[PDB]
Amino acid sequence: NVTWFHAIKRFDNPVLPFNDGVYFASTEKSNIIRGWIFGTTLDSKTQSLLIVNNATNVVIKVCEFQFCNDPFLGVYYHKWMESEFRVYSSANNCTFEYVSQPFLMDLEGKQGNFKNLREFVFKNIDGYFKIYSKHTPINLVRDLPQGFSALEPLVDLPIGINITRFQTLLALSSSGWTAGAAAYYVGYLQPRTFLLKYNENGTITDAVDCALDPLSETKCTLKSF
Amino acid sequence: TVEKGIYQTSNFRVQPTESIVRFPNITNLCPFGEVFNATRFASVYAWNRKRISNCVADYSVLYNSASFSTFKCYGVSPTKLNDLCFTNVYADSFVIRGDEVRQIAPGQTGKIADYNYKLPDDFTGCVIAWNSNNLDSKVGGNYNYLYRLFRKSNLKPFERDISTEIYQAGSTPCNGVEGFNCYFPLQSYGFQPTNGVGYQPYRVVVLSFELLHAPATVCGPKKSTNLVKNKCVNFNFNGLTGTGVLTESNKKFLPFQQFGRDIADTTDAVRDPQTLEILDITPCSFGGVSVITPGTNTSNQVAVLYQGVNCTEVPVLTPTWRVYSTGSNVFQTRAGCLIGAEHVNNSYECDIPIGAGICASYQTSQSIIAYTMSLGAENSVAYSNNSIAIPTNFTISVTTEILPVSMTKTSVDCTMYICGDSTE
Amino acid sequence: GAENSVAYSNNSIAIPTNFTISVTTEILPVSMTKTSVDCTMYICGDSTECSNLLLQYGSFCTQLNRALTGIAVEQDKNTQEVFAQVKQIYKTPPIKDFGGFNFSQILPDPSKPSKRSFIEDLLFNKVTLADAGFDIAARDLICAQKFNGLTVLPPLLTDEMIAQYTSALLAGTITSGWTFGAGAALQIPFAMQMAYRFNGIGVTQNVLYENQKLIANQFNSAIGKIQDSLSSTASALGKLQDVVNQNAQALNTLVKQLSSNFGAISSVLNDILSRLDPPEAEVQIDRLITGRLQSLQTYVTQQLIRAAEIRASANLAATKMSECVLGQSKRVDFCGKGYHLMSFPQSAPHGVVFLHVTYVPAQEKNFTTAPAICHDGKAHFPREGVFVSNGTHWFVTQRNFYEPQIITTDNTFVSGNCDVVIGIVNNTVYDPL
Amino acid sequence: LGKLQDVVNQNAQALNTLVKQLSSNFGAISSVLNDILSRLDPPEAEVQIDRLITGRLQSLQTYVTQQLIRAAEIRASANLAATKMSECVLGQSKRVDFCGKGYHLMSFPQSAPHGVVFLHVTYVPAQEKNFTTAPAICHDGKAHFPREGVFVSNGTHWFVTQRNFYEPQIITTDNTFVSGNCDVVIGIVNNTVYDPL
Amino acid sequence: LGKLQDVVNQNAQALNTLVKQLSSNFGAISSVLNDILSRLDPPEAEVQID
Ligand SMILES: *[C@@H]1O[C@H](CO)[C@@H](O[C@@H]2O[C@H](CO)[C@@H](O[C@@H]3O[C@H](CO)[C@@H](O)[C@H](O)[C@@H]3O)[C@H](O)[C@H]2NC(C)=O)[C@H](O)[C@H]1NC(C)=O
Ligand SMILES: *[C@@H]1O[C@H](CO)[C@@H](O[C@@H]2O[C@H](CO)[C@@H](O[C@H]3O[C@H](CO)[C@@H](O)[C@H](O)[C@@H]3O)[C@H](O)[C@H]2NC(C)=O)[C@H](O)[C@H]1NC(C)=O
Ligand SMILES: *[C@@H]1O[C@H](CO[C@@H]2O[C@@H](C)[C@@H](O)[C@@H](O)[C@@H]2O)[C@@H](O[C@@H]2O[C@H](CO)[C@@H](O)[C@H](O)[C@H]2NC(C)=O)[C@H](O)[C@H]1NC(C)=O
Ligand SMILES: *[C@@H]1O[C@H](CO)[C@@H](O[C@@H]2O[C@H](CO)[C@@H](O)[C@H](O)[C@H]2NC(C)=O)[C@H](O)[C@H]1NC(C)=O
Ligand SMILES: *[C@@H]1O[C@H](CO)[C@@H](O[C@@H]2O[C@H](CO)[C@@H](O)[C@H](O)[C@H]2NC(C)=O)[C@H](O)[C@H]1NC(C)=O
Ligand SMILES: *[C@@H]1O[C@H](CO)[C@@H](O[C@@H]2O[C@H](CO)[C@@H](O)[C@H](O)[C@H]2NC(C)=O)[C@H](O)[C@H]1NC(C)=O
Ligand SMILES: *[C@@H]1O[C@H](CO)[C@@H](O[C@@H]2O[C@H](CO)[C@@H](O)[C@H](O)[C@H]2NC(C)=O)[C@H](O)[C@H]1NC(C)=O
Ligand SMILES: *[C@@H]1O[C@H](CO)[C@@H](O)[C@H](O)[C@H]1NC(C)=O
Ligand SMILES: *[C@@H]1O[C@H](CO)[C@@H](O)[C@H](O)[C@H]1NC(C)=O
Ligand SMILES: *[C@@H]1O[C@H](CO)[C@@H](O)[C@H](O)[C@H]1NC(C)=O
Ligand SMILES: *[C@@H]1O[C@H](CO)[C@@H](O)[C@H](O)[C@H]1NC(C)=O
């Protein structure tokens with residue numbers, strides 16, 4: 001089961017618990033939900049992680065920053081226009097800030113054969129926050145497609161704080177408002193044993209979930225595919 | 001006296017020619033002065049955890065300073081820290097009552113260990129503690145140091161609690177002002193110079209680094225040496241030490257991949273920290289040493305089989321004798337390097353097995369010869385579709401066959417053998 | 001199985017009017033890989049502190065090394081016992097005139113670099129290694145286990161030598177019958193040897209001589225069927241494979257056991273030595289020593305038991321070589337199903353295949369039978385055979401191949417009178433004089 | 001007598017190693033239990049005594065296991081010896097090489113320390129000679145096959161001989177039996193079969 | 001049928017011994033895991049359980 005959130009007035013952007021990591025493959029353009037928040041307070045009380053991953057770079061910023069009830073830029077672009085500014089309410093204090101390479105996702109305006117499956121694995125554990133990522137050129141815009149692809153690590157940060165909740169940051173009055181055609185996926189990670197097939201080059205070509213079904217458990221016990 | 005045959009003996013192996021060290025190219029010293037001259041150490045419930053990474057740490061000076069009342073390293077020895085390399089270091093500093101200095105150690109329990117500050121069972125690191133009464137104690141009571149005494153549930157290890165919510169052990173939840181069954185969680189210490197030992201404040205700092213689980217960042221001031229490959233040497237890459245031969249490889253290491261492990265959890269490849277290049281690791285050659293000898297009374301000369309190694313290596317050790325390396329009769333059999341025996345084209349019935357069809361025999365002048373054993377004498381039976389051989393005579397043969405039937409009947413007394421006339 | 005009621009009766013017999021020559025394959029493990037494990041290297045390689053600590057445990061792994069060395073020597077002994085049954089390397093004549101039998105598929109093939117037969121090459125192809133080359137290696141073993149003090153010793157007899165022994169045995173069998181097993185090889189035409197064999201299972205040799213073409217064709221077709229089966233199916237040699245596999249996994253397990261903490265801070269000994277001082281390092285090193293010594297003892301005990309099993313198999317194989325290949329066996333089902341005629345050996349990786357040739361009666365007919373015949377108040381019993389009747393006339397036939405003959409005084413012998421034998425039947429016994 | 005000596009030596013070596021194992025510390029302060037008891041009090045002596053107990057118990061386990069394996073192989077050998085006594089001494093064996101090399105005539109047992117010795121008496125043909133041979137003889141359009149033996153010629157005349165010891169005899173209707181005509185046997189040779197009547 | 005009975009008996013005996021071996025302390029405070037767990041904290045329960 002993977003929860004599907006409709007990104008928009010109808011802000012389907014609640015504070016979701018961060019139980020043992022999250023999987024964040026999504027299909028949309030302009031990056032809509034560029035930023036993410038991870039903390040236990042998320043109201044400047046604690047140094048809540050605010051990752052950006054904007055079109056420029058992932059500006060990691062773990063600071064005791066205030067997140068308003070609706071911290072969104074409110075840009076009704078292509079309906080590019082702006083309504084207010086609450087993405088960055090105020091930074092009461094801070095703990096650390098890192099800036100990565102000025103990369104750029106494929107958020108740019110393009111639908112075609114939708115190749116913007118930017119599948120991400122945000123895992124927080126043992127005082128660390130890891131951003132394993134991959135980009136897959138899929139052909140279907142409907143719900144997550146069928147296929148296999150191993151996710152490479154992208155950043156590894158020794159933050160050391162405790163987090164018990166997360167949230168997603170939306171940059172996007174109520175009369176005749178066109179609901180944004182954007183959505184994302186939240187999948188949860190739990191402790192499991194996986195049998196991974198390292199091919200000749202060192203890349204995982206396939207995996208077996210040892211608790212999915214009796215056949216997979218047999219494969220795991222025998223150590224064979 | 002040794003009978004004719006081949007006998008196993010202590011193995012052989014190539015010893016390392018030299019040693020290698022490869023550490024990150026960093027010179028900045030870690031901010032140990034900052035954490036050891038922090039003007040005001042935080043409270044026990046507010047114990048402050050500073051990070052230390054991307055630096056060079058010289059623990060020798062810290063260990064040599066006598067100002068530290070307690071200096072205890074658990075998973076590591078303080079002398080060895082100068083040659084180890086770590087991923088990151090957490091320097092956690094605070095002030096506590098002297099008596100609690102025992103609750104600090106791993107596996108302990110108490111109000112300190114169950115409300116404010118808790119260590120892990122498997123802690124690996126070093127705890128340092130020194131009295132700071134003169135620094136942070138006043139006659140009137142330096143109540144700036146508090147600790148959490150009330151909490152609904154025990155805190156997890158390395159957990160910090162700052163909320164001032166009024167706990168209520170006896171139900172009746174209040175808030176703000178205290179009252180029935182409910183009181184202020186934080187209690188201030190009576191740190192005064194007049195206080196006796198134990199009650200006086202103590203400044204404590206604990207280093208709880210992790211080990212060998214990520215690209216190492218902070219470690220000791222020992223200079224890296226040059227990299228030499230294609231040779232049996234001792235390597236020390238970011239503290240990972242071992243012995244073997246280095247060589248380039250076509251591996252694909254991820255940007256955050258450093259080591260290549262083996263099925264036996266041994267490193268068969270590494271990444272040089274100074275140059276982001278992948279370097280293969282292989283244990284330099286070893287093997288067993290067999291000695292081929294006829295009857296010691298038949299003669300005293302011998303041959304030697306270094307099994308499992310191509311002989312080219314042997315000129316390029318453990319057996320304590322290198323005299324025979326002169327060679328001129330080294331023979332590279334599929335079973336190893338045979339030294340001291342003459343190879344010959346003639347084939348005879350096997351006398352002393354060597355392996356892979358090679359046998360050694362002591363024959364005429366006298367010398368030990370290695371040869372391909374002969375299975376027997378060739379013979380073409382005179383077969384034709386109208387010829388028969390019929391025996392015109394016979395022999396009555398009497399042969400012997402020996403079969404073991406029984407072995408010695410032995411019995412053991414448990415208590416006598418294990419515990420000779422001992423009641424304990 | 002299928003229900004079957006035998007048409008049993010107190011005066012009914014079934015006699016085969018035909019036969020088939022069936023060739024069946026029997027695979028027997030003979031040897032196993034000679035693996036040697038070095039105590040000090042395995043428990044702790046190139047570590048002097050640990051070596052000194054292990055020195056306190058006495059002579060445990062001198063015993064372990066001795067046990068492994070004994071197993072390794074026993075493997076060579078097994079191969080020698082099974083295959084070195086012949087003291088002369090017999091070879092067949094260039095002309096393969098064997099009465100229509102032709103053994104090209106089991107005789108050595110000169111063209112190939114290894115003088116193995118076609119079927120021997122099939123057998124060597126079917127069995128495939130599991131981990132890495134033990135062999136066709138032109139360099140170091142190149143295996144994972146090699147990293148940790150484990151070595152593999154080559155067998156004393158090369159595969160080519162085993163093939164030479166097999167070819168010598170086969171040439172002796174097909175050019176001299178069983179004589180070479182009891183002394184000097186005495187040549188005999190192969191058809192005459194087959195006549196001997198037929199006479200050994202109770203059928204007269206005229207049966208062979210009058211069916212020589214058919215018998216040769218049946219034998220050739222059986223050999224062709226064997227080669228086709230070996231080429232097609234995959235699990236034919238499982239037995240041999242199993243042995244290999246078992247050893248492999250055992251070794252793997254042993255190697256993997258070096259990754260266990262055994263309660264120490266780390267499974268890596270170098271990490272313990274680097275991180276910890278000698279006094280405290282001794283505790284962790286002792287935990288590791290205990291664990292690894294236990295693992296190695298478990299390995300050696302398993303290996304001893306497996307070696308005993310393989311030695312039992314090799315003794316059985318040597319007995320089969322002596323009794324089915326070097327002679328004709330009357331023991332039922334010892335050399336295949338049917339009446340044993342001869343067996344041919346083929347060498348397989350770490351084992352031996354036996355091609356057992358057997359005579360199997362094929363087309364039975366029902367006849368009325370009597371234990372004796374009454375002629376003139378005398379009871380006649382067959383000298384060698386049985387009395388049958390198609391329904392109106394009585395004949396004497398050999399009991400393994402219907403060949404009716406007139407009942408004469410030469411066919412039978414007289415004993416007593418008619419009054420004592422139960423089931424006797426009157427009939428005339430013809431006197432040739 | 002290498003086999004009996006080998007079993008004796010193996011047993012002696014196992015016992016010697018078991019006794020030697022009593023000199024090992026196994027990590028204790030000393031290998032002498034009395035010294036540990038006299039040098040330390042119970043609470044600290046217990047750890048050293050436990051080390052020694054573990055080591056000695058492991059030694060006993062190893063000795064008993066190898067003893068069981070040796071007993072298994074010795075039982076296999078004794079079963080083989082009993083079968084040899086039953087089949088080679090109490091009778092005549094047609095099993096090839098089971099009671100010596102050659103055709104087995106008889107066997108005699110002798111007792112040896114911890115084992116048995118069989119003196120196998122066998123018959124081995126000695127001096128072979130060549131002969132032209134035929135599967136059958138054609139006499140009057142009838143094929144004659146030897147009742148027991150083989151037809152052999154020395155160049156001009158054909159005889160029938162027992163096929164294990166050269167003893168030529170005239171081919172007669174008592175030496176042979178008839179089966180069919182001469183058109184089907186391959187290698188049949190024309191010669192005269194002598195009728196004694 | 002003693003030869004058969006022996007086999008049966010031996011197996012039973014072995015199994016019995018195995019089961020009986022669960023009543024040995026082996027130097028621990030007690031032979032019951034639950035007692036050790038319910039009486040001691042992880043640091044010492046680990047030694048006894050080992
Ligand atoms: C053994 O048997 C006889 C020995 O005499 C030989 O075979 C037969 O030899 C006779 C000649 O003596 C053949 O008869 C001839 O036939 C031709 C053609 O019909 C005819 O023109 C001649 O006048 C003469 O009658 C006979 O065909 C031949 N075969 C048979 C079956 O009788 C020979 O030495 C040996 N043959 C065999 C089958 O063992
Ligand atoms: C079958 O082989 C027999 C050998 O076991 C053989 O008996 C041997 O016969 C020779 C020849 O008579 C004897 O040799 C004697 O005579 C020669 C010639 O004068 C001397 O050079 C010898 O020294 C000896 O005096 C052997 O002594 C005798 N062996 C035995 C054990 O008695 C038979 O003769 C052979 N049978 C046939 C038919 O050839
Ligand atoms: C031979 O057996 C038949 C019985 O019939 C079959 O016998 C076997 C050959 C086999 O085919 C079985 O499955 C059958 O039971 C005896 O009697 C014959 O029976 C059949 C009918 O069952 C009948 O038609 C025949 O006439 C019977 N007689 C024959 C075949 O001769 C028969 O008696 C047995 N032969 C002799 C010589 O006794
Ligand atoms: C011996 O038997 C083999 C196989 O039964 C025969 O070999 C075949 O020979 C033909 C040509 O004669 C080839 O085309 C086939 O490819 C061969 N196949 C095999 C499996 O050998 C051989 O001819 C026989 N020899 C005699 C003399 O009959
Ligand atoms: C049983 O066998 C006899 C002899 O083989 C058979 O009798 C012969 O039958 C054939 C034709 O069927 C005749 O040409 C012969 O002359 C007969 N010989 C005698 C001596 O009579 C008899 O027919 C057989 N019985 C059955 C039921 O087949
Ligand atoms: C074989 O068995 C049959 C029965 O199946 C016996 O048949 C008997 O035959 C005699 C005359 O031949 C009759 O008087 C009996 O009544 C028959 N018995 C039955 C039960 O029908 C036959 O006698 C037996 N023959 C032998 C030799 O035992
Ligand atoms: C087999 O032959 C004998 C003798 O020819 C038969 O016995 C005769 O039987 C008849 C009729 O019962 C008697 O009258 C004779 O006195 C008997 N003579 C003798 C010498 O016993 C016998 O019956 C025959 N068997 C069968 C089955 O018919
Ligand atoms: C080691 O030196 C190289 C070049 O001299 C440099 O690129 C590298 O950054 C240095 N190591 C570290 C950890 O910076
Ligand atoms: C504190 O500072 C003094 C001088 O500024 C220095 O000598 C001392 O080593 C420092 N304490 C540390 C490094 O623990
Ligand atoms: C070995 O030779 C010596 C001669 O120096 C001799 O005394 C001894 O008996 C011989 N031993 C054997 C086993 O041949
Ligand atoms: C074997 O003979 C060849 C010549 O055919 C010779 O070169 C070689 O040296 C001989 N073998 C040895 C060991 O000398």
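So you know, we letter chains A, B, ... as the sequences are listed, proteins then strands, and number each from 1. Read the numbers this way: they start at 1 and go in the same order the structure lists the ligands and their atoms. When reading the values below, keep in mind they use all heavy atoms of this one structure, side chains included, and skip hydrogens, waters and symmetry mates.
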So how far is it from [X] [atom1] to [Y] [atom2], rounded to the nearest 0.5 Å?
| X | Y | atom1 | atom2 | answer |
| --- | --- | --- | --- | --- |
| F159(D) | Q169(D) | CZ | CD | 10.5 Å |
| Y196(C) | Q205(C) | OH | CD | 8.5 Å |
| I119(C) | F124(C) | CD1 | CZ | 13.5 Å |

For ligand 4, which part of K96(C) has a heavy atom less than 4.0 Å away: the side chain, the backbone, both, or neither?
neither
Protein heavy atom at shortest distance from [atom]:
| atom | value |
| --- | --- |
| atom 11 (N) of ligand 10 | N297(B) ND2, 2.9 Å |
| atom 20 (C) of ligand 4 | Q105(C) NE2, 3.4 Å |
| atom 1 (C) of ligand 4 | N102(C) ND2, 1.5 Å |

Protein heavy-atom contact under 4.0 Å for [atom]?
| atom | answer |
| --- | --- |
| atom 39 (O) of ligand 1 | yes |
| atom 4 (C) of ligand 10 | no |
| atom 13 (C) of ligand 4 | no |
| atom 11 (C) of ligand 1 | no |
| atom 18 (N) of ligand 4 | no |
| atom 14 (O) of ligand 10 | yes |
| atom 10 (C) of ligand 4 | no |
| atom 15 (C) of ligand 1 | no |
| atom 20 (C) of ligand 1 | no |
| atom 7 (O) of ligand 10 | no |
| atom 7 (O) of ligand 4 | no |
| atom 29 (N) of ligand 1 | no |
| atom 26 (C) of ligand 4 | yes |
| atom 24 (C) of ligand 1 | no |

Take the angle between the ring planes of [X] and [Y] and call it parallel below 30°, perpendicular above 60°, tilted in between.
| X | Y | result |
| --- | --- | --- |
| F180(C) | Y90(C) | perpendicular |
| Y339(C) | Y359(C) | tilted |
| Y383(B) | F98(C) | tilted |
| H139(D) | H144(D) | perpendicular |

Min over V189(D), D183(D), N191(D) of heavy-atom distance to atom 31 (C) of ligand 1 lands on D183(D)
Look at ligand 4 and say whether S104(C) reaches it with a heavy atom at a distance under 4.0 Å.
yes
To check you understand the geometry: which heavy-atom pair defines the closest contact between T173(C) and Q193(C), and what is its length?
O-NE2, 3.1 Å
Shortest non-hydrogen separation from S380(B) to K91(C) and the atoms involved:
OG-CG, 3.3 Å
Give the atoms of ligand 10, by number and element, whose distance to some non-hydrogen atom of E3(B) is under 4.0 Å.
13 (C)
So, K4(B) and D351(B), do they make that salt bridge, N to O below 4.0 Å?
yes
Between the side chains of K115(C) and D109(C), is the shortest nitrogen-to-carboxylate-oxygen separation below 4.0 Å, so that they form an ion pair?
no
Of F103(C), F101(C), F354(C), which meets ring pair (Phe, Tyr, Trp, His ring centres under 6.0 Å) against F344(C)?
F103(C)
Do any nitrogen or oxygen atoms of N190(D) lie less than 3.5 angstrom from nitrogen or oxygen atoms of ligand 1?
yes
Out of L122(C), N125(C), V127(C), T128(C), which one pairs with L237(C) under the side chain to side chain contact (heavy atoms under 4.5 Å, CB included) rule?
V127(C)
Tested for side chain to side chain contact (heavy atoms under 4.5 Å, CB included) against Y371(B), the lone hit among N346(B), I358(B), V344(B) is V344(B)
Atoms of ligand 4 under 4.0 Å from any heavy atom of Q227(C), numbered from 1 in the order shown, are 20 (C)
